[PDB]
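Consider the single chain below, provided in structure tokens and representing the form deposited in one PDB entry.
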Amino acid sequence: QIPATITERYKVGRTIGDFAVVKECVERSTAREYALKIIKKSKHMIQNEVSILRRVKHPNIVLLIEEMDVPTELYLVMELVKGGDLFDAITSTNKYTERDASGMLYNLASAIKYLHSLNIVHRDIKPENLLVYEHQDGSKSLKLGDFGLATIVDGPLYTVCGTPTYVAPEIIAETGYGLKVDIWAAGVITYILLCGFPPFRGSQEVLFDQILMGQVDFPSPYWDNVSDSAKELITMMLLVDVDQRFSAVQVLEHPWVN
């Protein structure tokens, strides 16, 4: 049901992601591959995400190319990351080396640092919203996407959202939260990369009470070969104290990411 302007210039392919749907497409003039995200409309949440996607341009954030708006849906031509999401990559590989995990955290922290410099909190940083990028070198980067929950922090936020595995304890406590919930989610992800399981796993109230306690353990034998530098960084990212918890700048300054 797609407008002529899109089909005129793009050959729409298979669905690659399923509120919205994402499809593969080929730009006819160049044969270069892109992504088409189709957001269905109701008879304010879409306006917010496009306003964010218009402002965010960063090599580690999925780029918005152009918008085609019709009454029933909104069409977004977006960058295609051909690696797939990080969730599928973690399912196939089990765990990563410290060198691979540290380079991936460098990409995530770069995107978060850029977002926080705009006072944008993502609020949905998780492996399903990270995309693995294939370089010419064979090296792989990460790109952050899906800003449907992103918002500008002009004061403390209180709305509970995000996937519980990655949700910061201040969100669960409903006492107010800001940009640093993104750092906590990045800390949980880094922890998953280094060992293959989340730091807080629960049994749904068990998981929340464990996050609120925020006791990060590095169990044997899974963490025996992991460096103390990595355990220090993850610990500083997963601090319950919002003031002591690392900012994205502090994450990037840490030796393990350098």
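Just so we're on the same page, rigid core means the largest C-alpha set that superposes within 1.5 Å between forms. The first residue of the shown sequence is 1; numbering continues from there.
There is also a form deposited in another entry; it is not shown, and the following applies to it.
> Please state whether residue 64 has a C-alpha shift of 2 Å or more between the shown form and the other one, with the rigid core used for the fit.
Comparing forms between the shown form and the other one, the residue 64 CA shifts below 2 Å.
> Once the two forms are fit on the core, has residue 95 moved its CA by at least 2 Å between the shown form and the other one?
Yes; that C-alpha moves by at least 2 Å between the shown form and the other one.
> Aligning on the core only, does the CA of residue 75 end up 2 angstroms or more away between the shown form and the other one?
Moves: yes, 2 Å or greater.
> Classify the change in Cα distance between residue 96 and residue 216 in the other entry as closer or farther, relative to the shown form (magnitude of 3 Å or more).
Here the pair is closer than in the other entry; there, farther apart.
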